[PDB]
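Have a look at the structure below before the remarks.
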Amino acid sequence: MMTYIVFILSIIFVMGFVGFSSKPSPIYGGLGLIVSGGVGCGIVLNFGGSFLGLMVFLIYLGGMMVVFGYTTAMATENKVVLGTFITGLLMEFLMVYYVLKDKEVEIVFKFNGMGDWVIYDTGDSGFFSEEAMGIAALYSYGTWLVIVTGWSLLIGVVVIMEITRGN
Amino acid sequence: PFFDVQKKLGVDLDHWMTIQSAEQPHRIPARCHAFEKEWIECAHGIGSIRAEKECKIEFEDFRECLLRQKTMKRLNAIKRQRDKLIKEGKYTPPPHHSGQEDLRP
Amino acid sequence: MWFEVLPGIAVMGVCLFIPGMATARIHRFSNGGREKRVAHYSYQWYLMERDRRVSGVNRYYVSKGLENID
Amino acid sequence: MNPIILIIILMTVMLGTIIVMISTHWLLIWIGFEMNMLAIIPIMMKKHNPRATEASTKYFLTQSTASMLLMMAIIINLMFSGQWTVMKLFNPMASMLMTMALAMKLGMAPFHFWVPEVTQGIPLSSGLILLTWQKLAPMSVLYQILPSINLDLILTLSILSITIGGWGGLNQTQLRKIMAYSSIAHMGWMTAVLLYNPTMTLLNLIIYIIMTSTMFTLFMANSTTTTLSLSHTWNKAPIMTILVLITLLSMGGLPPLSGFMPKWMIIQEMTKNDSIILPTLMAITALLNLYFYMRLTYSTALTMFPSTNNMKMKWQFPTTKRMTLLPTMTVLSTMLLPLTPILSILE
Amino acid sequence: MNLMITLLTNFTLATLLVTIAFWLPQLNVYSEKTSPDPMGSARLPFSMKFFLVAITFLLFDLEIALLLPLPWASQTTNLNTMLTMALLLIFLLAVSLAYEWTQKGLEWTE
Amino acid sequence: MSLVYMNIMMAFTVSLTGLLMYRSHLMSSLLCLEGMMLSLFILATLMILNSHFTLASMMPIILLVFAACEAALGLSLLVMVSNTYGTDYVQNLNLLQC
Amino acid sequence: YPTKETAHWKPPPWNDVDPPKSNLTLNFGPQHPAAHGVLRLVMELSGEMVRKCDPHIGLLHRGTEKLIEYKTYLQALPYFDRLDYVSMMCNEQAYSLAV
Amino acid sequence: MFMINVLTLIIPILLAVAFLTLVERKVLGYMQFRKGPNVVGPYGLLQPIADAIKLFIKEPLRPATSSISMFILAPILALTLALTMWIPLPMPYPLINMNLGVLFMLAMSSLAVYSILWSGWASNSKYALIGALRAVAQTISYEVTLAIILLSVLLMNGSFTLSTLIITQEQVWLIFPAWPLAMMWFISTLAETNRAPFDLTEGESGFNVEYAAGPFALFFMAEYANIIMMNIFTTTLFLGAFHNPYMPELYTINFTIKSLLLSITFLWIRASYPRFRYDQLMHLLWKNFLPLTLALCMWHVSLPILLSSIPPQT
Amino acid sequence: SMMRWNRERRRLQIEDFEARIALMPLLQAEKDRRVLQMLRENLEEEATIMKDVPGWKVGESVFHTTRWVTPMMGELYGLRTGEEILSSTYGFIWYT
Amino acid sequence: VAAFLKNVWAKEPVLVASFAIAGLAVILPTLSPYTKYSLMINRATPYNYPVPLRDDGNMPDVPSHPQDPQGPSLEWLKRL
Ligand SMILES: CCCCCCCCCCCCCCCCCC(=O)OC[C@H](COP(=O)([O-])OCC[N+](C)(C)C)OC(=O)CCCCCCCCCCCCCCCCC
Ligand SMILES: CCCCCCCCCCCCCCCCCC(=O)OC[C@H](COP(=O)(O)OCCN)OC(=O)CCCCCCCCCCCCCCCCC
Ligand SMILES: CCCCCCCCCCCCCCCCCC(=O)OC[C@H](COP(=O)(O)OCCN)OC(=O)CCCCCCCCCCCCCCCCC
Ligand SMILES: CCCCCCCCCCCCCCCCCC(=O)OC[C@H](COP(=O)(O)OCCN)OC(=O)CCCCCCCCCCCCCCCCC
Ligand SMILES: CCCCCCCCCCCCCCCCCC(=O)OC[C@H](COP(=O)(O)OCCN)OC(=O)CCCCCCCCCCCCCCCCC
Ligand SMILES: C=C(C)[C@H]1Cc2c(ccc3c2O[C@@H]2COc4cc(OC)c(OC)cc4[C@@H]2C3=O)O1
Ligand SMILES: C=C(C)[C@H]1Cc2c(ccc3c2O[C@H]2COc4cc(OC)c(OC)cc4[C@@H]2C3=O)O1
C-alpha cells in the first residue's frame, strides 16, 4: 500500500481536478486547485524533483494562486456542479477498479497496472542532484532561454501596465 | 518555413537541450543515452522517409528503453505465474528472495 | 525592577533549549552513540546503505573495521 | 499609447514570430507563441473600449487553450521520442493535438468561432496584424511537421474551414467580419494543399497576406468599417471604390487576377495527386464567397449612392493618412498572374 | 517518510486544538443571541491599485523564480557567461521596477 | 507505459473539459486553464526526472514562468471586464455577436 | 439576411465605443479609540483618498448650557470643569473672568 | 523515537509562544516606566496560563460566514504552517535534515498568506476583507525582499542547506559581510509578521477581529510561532554560533540566547516608534528596499567571482 | 574572512571528492557483482517458475541489440519483499 | 558632474547607493585579478571520476600514477 503511494497521490490529483472543474465558485475552485497543487507537488517530490516541488509550493501555490484568491476576493465579491463532480469521480474509480483488476488498461494509450517503482534507475549521481545541476545549467548553457524569458517578463510588466490603465 | 538562422550565423541557440545525447552538465548520461545515440547515428542524413523504415530496430530499442513496456510485460508475466504457483502451492520463495540472507557487498 | 522580566525570559529560554538538546540526545541514542548520518547526496546514501549491508545487523551505524577482515 | 512602447511591443510580436520560425527546440516554439500572444494583447486594446476588452479576452482564452494543447502535444512527443526537435512527431496523438492546437491558433473550423468576433472588436490595424502576421508562425510549424500530419484530420479541418468561411460571409455587412470569414476560408485553402505541396501553401499565404493588407489599408484610408460607409466612398475618393472593387474580385479568385493564382495552382497540385472530387467541391464552395463578393461590389460598390451634405465639407480636405505601401500592395494584389511561375522562389 | 509523519502530526495537533476550541465552550448553554461594520450593505468597490500591486508581486516573483538557481550556477565552469546572464536578469528585474516607477504604477501604495 | 502518466493526462483532460463548455465565471475558466498548466508541469517533471535528461530540468520552470505570466495577463483582462460589468460572467461578453 | 433569431441585432456604434453602463462611503461609528472618544465619521473615499469627511457629533451632548440657566453662578461653575475635561481650571478661569 | 523528537519540537514551541506573551508584556511594561504582570503568577508566570484558559472558555461567535469551511481552515492552516516552519531549523541538528531547507521555509512562509485571505473571506464584513487584502499585499510585498536577500546570502552559503549555514559562519558572523542585507532582512521579517511599525490590524480594525477567543488564541499563537521562528532563522542566517559536534548544547545555548535577544529586539522596536501609513511601507518596500536589494544581489553575485571565494556546492 | 574561509572550504571539498574518487573503483566492482548477483538469482528463479508457461524463453532479452543494458529497478528487485523494494526505491528520497 | 551628484545624494541617497553598488558589481570583475582563480577553482573541483587513458605508447604529459610529477597540479590553490 506504501509501494503505490505516488499512484495514490495521482488518484487524489485527478479527484482534486474534478473537485474544482465542476466549479461551484471561483472561491472553492481556487481551494481545489491549491489542494491539487499540493498533491501533485507530492508526486513531483516523490521522484526526486525537490527543487521543482519547491517551485510548485513557492511559485504556483505561494506566488500565483495567492493572486487568484486575491482577485477572487476583490473582484468577485447545486446540481450541475455536484453532478459533474460525482460523474468524474465515478469515471475515475471505475478506471481504478479496471486497472487494479487487470494490471493493464487502454483508454488512449496502453498503461501498465503495476506501480511505477519499477521504472526507476539503480545508479547514483555522486555529490549532486542531477535536477539541481540541470537547473543550474540555465545560466551556463541556457543563455538564449534566459534572454527570451527575461524579455517576455519585461514585456509582461509593460503589457500589464498598458492594459490596466484604460487610457 | 524554417529559416535556419542558427546554422547560417553559426550560433547555438537551442541545439543543446534538443536531444538526450548532447553535452550535459558534469557528464551526466541519460538512461537511454546509448539507445538514442544509436538511433540518431542510424537516422543521420538519410532523410526521414528512409529513417522510418531503415532504422526501425534502433528506434524500437530506444522507445522500449524509454517506456519499458516489454520489460514490464515480462515482469507482469513472471510475477503473475509466481502468484499463481504461490496460490496453488507448487512453489516456495528462496531465502534470498524472502529477505533472509544478509546481502553481498 | 528590570530583573523581574528575567524569570519569563528564562522560562522561554528553557522552552527554546528543549527541542535542540532533545534532537541531539535522540540522534545520539538512535545512531549508536554518534551523529545521524547526513545523506543529502546519492553517494552518501550509497555509502550508508553499504554500511547497513556490511554491518550484518541491518543498521547503518554499526561500524565494522579491520577486525572484520582477516 | 506611447510610440516608443508601441515600437517595443510590435518588435516583440515580430520577435515571437521569429522565435517560432527559427528555433529547433519545441520549448522555444511554445515560448515564441507565448511571447507573441503576450505582446499582441495591448495592440488589440489600443482604443480602450469594452468591445476590445471582450475581443482580447476571447483571443486570450483561445490562444491560451491552444498553447496548452501545444505543450501537451510536445510533452507526449517527449514521452514517445525522448527528445525535443522541431521535426515530425513520433506519436499520432501528439500529431492530432498539435494539429488541433495550430488550427485553434489559425482560427480554422471548428475553432473558427472567435475570428469574426475578435476582428470585429479591435481596430483595423490590429485586425490587419491578427489576420496577416499571426498566420505566419503556425503555418511555419505546420510546414515543419507535415510528415506526421494525419491527412484525414487536416482535410476535414480544411474543407470545414472552407465551407464555414463561405457560408458565414453571405450574411455579413461588417467589413471586418467579411475579412474574418475570408481568413477562415483562405486558411482552409492553405492547409488542404499542405500535405501535397507546401510551396503552394506558402504561395497562398503570401498572396493572401498581400490582398488582406491591401483591404485593411484601404479600410484605414477610408475609415469605413461597414458596407454602407464603404458605399459613401465614391463621392469622397472615387479611386478607392475601384481599388476595393479589384481587390475583392481578386480575393474571391477571379481570373485574370492574382488571387486566382494560388487556388488554381492548388487545384493544379491536387489533381496530380489524383484527388478530383475534393478540389472540385472546394472550389464550388469558393464560388459562394466569390458570389457574395460580387453582390457586395455589384449592389453596393459600383452603382453610385445617395450621399449626405456634410460630405461636401470633406471635399475640401485631402487624405493626410499615411497610406503605407498601398499602391504597391494594390498592384501586387491584382496584376501578378502573368508572373505566376515566381512561386519557385518559395521552394 | 519521517517528513510526512511530522506534517501529519502538525496537522493533527492543529485540528485537535481547533476542534477543542470550537467545541469546549459549545458544551455551555450560555444564551441564544439574535444580534440584529463601516459599510452597511454597499457592494465592495474594486481597488485597481491593490490588483496592480498583486500582479507586480506575481511578475517579480517569477523573476525571483528565474533567480533562484544562482548558488548552484556559481559552481559552473562557464563563469563569464553565467555572471553575464545573472547580471542581465537582475538588471531586467531593475528595469521592470524602473518602468513600474516612472509610469506611476507605484502610487498611493508607493 | 507508466500508470501515473494516465492520471496526469486524465487530470489535464478534466480541466480541459472544464474550460471548454460551461459559460460561467471568467475566473473559473482561468482556474481551469491554470489546472491545465499544473498538470503539464507535473507531467513534464515526471518525464524529465524519469529519463534522467539533465538539461531539461530547467524546462518545467520555464513552463511555469511564462504561463504564470500568461495567467497574470488573463487576470488583467478579467479585471477590465470586472471594471465594465461589475461581474466576470462570460455571458456579458456578447457585444461582438453583432 | 435577418432571420427570426437574428432580428433584434442592432448595428454596432460608429466609433465602435459602447457606453460604460461611484465612490465608497464608510461609517466609522462610536466603536473606536483613535478617534478621541465619541464621534461618528461618514467618510466618502475614492480608493485611498478622502473625498468627504462628515463628522456627526452630539454623542456627548448633554444640554450643559440649558442646565446652567436653572442653576446659580456658583452652581454653574462645575459644569465648566466637565466641558474641556483636560483643561479644567482654564475653563473655570474663563467663566470666572466672565462673571 | 522520532515521534518523541517531533513532540519535543512542537510542544515547547507552544510553551515558548505562551511565555513570549509574558515577556512581551513585561518588557513593554518596563520600557513604558511601569510593570507588566506580577500578580497572577509569581513574577507573572501564570499569566499566559490564565489567559489561554480564559480564552478557551469564552463563547465563540460562529457568525454568518461566507464560508464555514474556510473559517475552520484558517486557524488549522495557520497553526500547521506555523509548526512546520520549525522542522528544518538546525539547532544544531534539525528534525528534518533536508537539502533545500531554506527554499522549503521560503515556500511554506509564502503559503501563510492564505490564512489572512481566508480569514478575510470568512467574515462577512467587507471592511475586514479590505484590511485582509491590505495585509496580504503587505506580506507578498515583503516576501520579494525576503527571497532576494536570502538568495544573496545563500550565494555565500553555497547551497540551500540550513546546516551548511553553520559551517559557513565558523570564522565570522555573516552579518559582517552582509549587514545591509541583514538590516533589510530584519525589517522585512518585521513586516512579514504584521509587527509594529508595520502592523495594520489594530487601527486604521484587522482581518482577525471576527475571531473571538476560540480560534483567536490559536491564530495569535500561530502568529507568534512565526515570530520566534523568523528570529531563529535570522539567528541562523546572520549570527551563526559556534558548533562543537561533541557538545551540541553549546550551539543550542548560544543560538537560544541570540534568538531571545532578537525577539526582545522585536519587542523593543514596537515600543519605540509609531506605525507606518500603509502606502509609506509600500514606499519603503518598492522604492527603498527593492533597489538596494537588487543592487546588493548583483554585488553578491559578482563578489565571490571577483574575490575567488565561491563557496562549496556540497 | 569569507574569502579565506571559502577558499579553505573549496580545498576541503576537493579533498572529500578525491577520497570519493579513490574509493570509486572498489564501489564499482562491488556494484557490478551486486547487479550480476541479483540478475543471476532472478534468472534461476525464473527458470524454476516459468516452466508451466508454453513458448517461454527464460532470460530472453527484450532488446534487439546485444549490448549490455543497465538493469532497471524492477528487474533487480522484482521478486523480493516489499521492505527491500521500498528501501531501494524511496529510501534516499524519504531519508529525513 | 558634482552638482547633480551632490543633489541626488541629498535627495535620493538610497538610489545613489543602489546605482553605485550596481555599477561596482558590473565593472569590478573585469578589473579584479582574482576572477581568473574563480574559473580555475571551479574547473579543479573533481565531481566526476578521472577516467584513465589507454597508454598508446606516446603520451608523455599523462602521468602513470597520481603522485607522478607530470599532470595538472594545485599548488596555486594550496598557496593562493
Ligand atoms: C539582523 C540584526 C539586526 C539588523 C539591524 C536592525 C536593528 C535596528 C532597527 C532599528 C529600528 C527600525 C524600525 C523600522 C524602521 C523602518 C524605516 C527605515 O529605516 O526605512 C529605511 C530607510 C528608507 O528611507 P527613509 O524612509 O529614511 O527616507 C524616505 C525615503 N526618501 C529619501 C526616498 C524620501 O532607509 C533605507 O532604505 C536604508 C536601508 C539599508 C541601507 C543599507 C546601505 C548600505 C551602505 C552601502 C554603502 C553606502 C556608501 C556609499 C557608497 C560606497 C561604495 C563603496
Ligand atoms: C519548560 C519550563 C516550563 C515552566 C512552566 C511553568 C512556570 C511556572 C511554574 C510554577 C511557579 C509557581 C506557581 C505557584 C502558584 C501558586 C501556588 C499557591 O500557593 O497557590 C495557592 C492556592 C490556594 O491555596 P490555599 O491552600 O487555598 O491557601 C490558604 C492558605 N491558608 O492553591 C492553588 O491554587 C492550588 C495549587 C496550584 C499550584 C499551581 C502551580 C503551577 C502550575 C503550572 C502548570 C505547569 C507546571 C510546570 C510544568 C513543567 C514541569 C513539570
Ligand atoms: C515566409 C514568411 C516570412 C516573413 C514574410 C513577411 C510577412 C509580412 C507580413 C506583414 C504584416 C503587416 C502587419 C501590419 C504592419 C505592422 C505594424 C502596423 O500595424 O502598422 C500599422 C500602423 C499603425 O499605426 P497606428 O497609429 O496605430 O494606426 C491607427 C490609425 N490611426 O500604421 C497604419 O495603420 C498606417 C496605415 C497603413 C498601414 C499599411 C501596412 C501594410 C503592411 C503589409 C505590407 C505587405 C506585406 C509585405 C509583403 C508580402 C510579405 C508576405
Ligand atoms: C486545505 C488542505 C489542507 C491544508 C492544511 C495542510 C497543508 C498545508 C501544510 C502542510 C504543507 C506540506 C508541504 C509538504 C512538502 C514540502 C516540500 C518538501 O518535502 O521539501 C523537503 C524535501 C526536499 O529536500 P531534499 O533533501 O531534497 O529531500 C530528501 C532527499 N535527500 O523533500 C523531502 O524530504 C521529500 C519527502 C517525501 C515527499 C514528501 C511529500 C509530502 C506530502 C505532499 C504534500 C501534502 C500536503 C498537500 C497540501 C499542500 C497545501 C495545499
Ligand atoms: C550602470 C550601473 C547599473 C545600473 C542598473 C542597475 C540599477 C540598480 C538599482 C535599481 C533601481 C530600480 C529603479 C530605478 C528608477 C530610477 C528612476 C527614478 O527613480 O527617477 C525618479 C527620481 C525622482 O523621484 P520621484 O519620481 O519623485 O519618486 C518618488 C521619490 N521622491 O529621480 C532619481 O532618483 C534620479 C535617478 C538618477 C540619478 C542617480 C545617480 C546615481 C549615481 C551613483 C554613482 C554612480 C554609479 C554608476 C552608474 C551610473 C548611474 C546613473
Ligand atoms: C497564547 C496565549 C497563552 C494567550 C495569551 C494571549 C493570547 C491571545 C492574545 C493575546 C495574548 O497575550 C497578550 C495579551 O495582551 C496583549 C495586549 C496588547 O496590547 C495592549 C497586545 O498588543 C498587540 C497584545 C496582547 C496579547 C494578545 O493579543 O492567548
Ligand atoms: C448580381 C451579381 C452578384 C452579379 C450577377 C450578374 C451581375 C451583373 C450582370 C449580370 C449578372 O448576371 C449574369 C447572368 O448570366 C450572364 C452570363 C453571361 O455570360 C455567360 C453574361 O455575359 C456578359 C452576362 C450575364 C448576366 C449579367 O449581365 O452581377
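Positions of Cβ are backbone-derived with ideal geometry, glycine not excepted, and every protein chain shown enters the neighbour counts. Each reported figure results from applying straightforward, stated rules to the coordinates on display, with no laboratory input.
Applying both filters, DSSP loop and at most 14 other Cβ atoms within 10 Å, to the GluC sites (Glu not before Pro) of the range I:51-96 gives I:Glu60.
Taken over the Cα atoms of chain C, the convex hull encloses 120 Å³ per residue. Applying the Karplus relation 6.51 cos²θ - 1.76 cosθ + 1.60 with θ = phi - 60° to the range H:175-183 yields 3J(HN,Hα) values of 7, 6, x, 9, 5, x, 4, 5, 7 Hz, where x marks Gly and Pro.
Divide the volume of the convex hull around the Cα atoms of chain J by the residue count and you get 160 Å³ per residue. Could you check how many percent of all C-alpha pairs in chain E are farther apart than 19 Å? So the pairs more than 19 Å apart make up 73 percent of the total in chain E.
Scaled against 2.2 N^0.38 Å for its residue count N, the alpha carbon radius of gyration of chain D is 0.99. Our compactness index for the protein assembly as shown, the C-alpha radius of gyration over the empirical 2.2 N^0.38 Å, is 1.02. Need one number: the % of Cα-Cα pairs in the range H:1-153 sitting beyond the 25 Å mark. For the range H:1-153, the fraction of Cα-Cα distances above 25 Å is 51 percent.
Sorted from greatest to least, the principal axis extents spanned by the alpha carbons of chain F come out as 52, 24, 21 Å. When the trypsin sites (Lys or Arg not before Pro) in the range C:16-68 are filtered for DSSP coil states and for at most 13 other beta-carbon atoms within 10 Å of their beta-carbon, the remaining sites are C:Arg34, C:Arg59, C:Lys64. Each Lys and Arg adds +1 at its Cβ and each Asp and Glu adds -1 at its Cβ; summed about the Cα centre, the protein assembly as shown shows a dipole of about 2040 debye.
Considering every alpha-carbon pair of the range H:168-314, the percent of pairs per 10 Å bin, from zero through the bin containing the longest distance, is 10, 30, 32, 20, 7, 1. The charge dipole of the range A:1-151, taken about its Cα centre with unit charges on the Cβ of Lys, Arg, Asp and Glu (plus for the first two, minus for the last two), comes to roughly 500 debye. Label point of E:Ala42 set 7 angstrom out along Cα-Cβ; within the range G:6-24, amide nitrogens under 12 Å from it belong to G:22-24.
Taking the fewest neighbouring Cβ atoms within 10 Å as the starting point, the ordered list for H:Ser272, A:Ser22, G:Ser87 is H:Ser272, G:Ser87, A:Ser22.
Dividing the summed helix terms, -39500 (n - 2.57) for each DSSP H run of n ≥ 4, by the number of residues in the protein assembly as shown produces a 222 nm estimate of -19500 deg cm²/dmol to the nearest 500. Of the trypsin sites (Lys or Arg not before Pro) in the range D:305-345, the ones in a loop by DSSP (not H, G, I, E or B) with at most 12 other beta carbons within 10 Å are D:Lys321, D:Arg322.
Spacing of the modelled spin labels on D:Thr156 and D:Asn273, each 7 Å from Cα toward Cβ, amounts to 1.7 nm. 3J(HN,Hα) along the range C:47-52, derived from phi through the Karplus expression 6.51 cos²θ - 1.76 cosθ + 1.60 where θ = phi - 60°, amounts to 5, 6, 6, 5, 5, 5 Hz, with x in place of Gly and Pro. Of the DSSP H helices in chain D, those that are both long (alpha-carbon extent of 20 Å or more along the helix axis) and hydrophobic (Kyte-Doolittle mean at least -1.0) are D:3-22, D:26-44, D:50-81, D:92-106, D:151-168, D:175-192, D:198-222, D:238-252, D:277-297. Where the alpha-carbon atoms of chain I are placed on the principal axes, they occupy 73, 32, 22 Å, in descending order. Taking amide H atoms as placed 1.01 Å from N in the peptide plane, the amide H of D:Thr226 lies under 5 Å from those of D:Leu175, each 5 or more residues away in sequence or on another chain.
Near G:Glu48, no amide H atom lies under 5 Å from its own; only residues 5 or more places off or on other chains count, and H is placed 1.01 Å from N. Across the range I:43-49, coupling constants 3J(HN,Hα) worked out from phi with the 6.51/-1.76/1.60 Karplus curve, θ = phi - 60°, read 5, 5, 6, 5, 5, 8, 9 Hz, and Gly and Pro carry x.
Above 32 Å, the calculated P(r) of chain H contains 30 percent of its Cα-Cα pairs.
Computed on the range A:4-164, the Cα convex hull volume stands at 170 Å³ per residue. Proximity of backbone amide H atoms, modeled 1.01 Å from N, is registered between A:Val105 and A:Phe111 at under 5 Å, excluding neighbours fewer than 5 places apart on the same chain. When chain D is described by a simple charge dipole with +1 on each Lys and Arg Cβ and -1 on each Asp and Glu Cβ, the residue from D:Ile7, D:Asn310, D:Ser64 located farthest towards its positive end is D:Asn310.
Exposure proxy ranking for H:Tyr127, D:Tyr59, based on other Cβ atoms within 10 angstrom of each Cβ and starting from the fewest, stands as H:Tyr127, D:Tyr59. By the count of neighbouring beta-carbon atoms within 10 Å, fewest first, A:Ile11, D:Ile75 end up ordered A:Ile11, D:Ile75.
Between the range C:18-61 and the range H:144-198, how many Å separate their Cα centres? Cα centroid to Cα centroid, the span is 30 Å.
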